[PDB]
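This report concerns only the one structure given below.
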Amino acid sequence: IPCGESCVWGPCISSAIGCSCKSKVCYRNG
């Protein structure tokens, strides 16, 4: 599930809420 953050140049600030960079945007479990 996309969270609402891009990660093309820098990692997900939303890692705090469980989101990780996949395919240039931040996702939690798809």
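Just so you know, the numbers here start at 1 and follow the chain as drawn.
Structure method, as recorded: X-ray crystallography, 1.1 Å.
Heads up, the Cβ atoms here are built off N, Cα and C, so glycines get one too.
In Swiss-Prot this protein carries:
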| type | residues | note |
| --- | --- | --- |
| DISULFID | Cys3-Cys19 | disulfide bond |
| DISULFID | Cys7-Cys21 | disulfide bond |
| DISULFID | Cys12-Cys26 | disulfide bond |
Secondary structure of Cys12 (disulfide bond) (DSSP, helix/strand/coil): coil
Secondary structure at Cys3 (disulfide bond), reduced by DSSP to three states: strand
The one of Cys12, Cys19, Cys21, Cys26 whose CB sees the fewest other CB atoms within 10 Å, among these disulfide-bonded residues: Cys21
DSSP three-state assignment for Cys21 (disulfide bond): strand
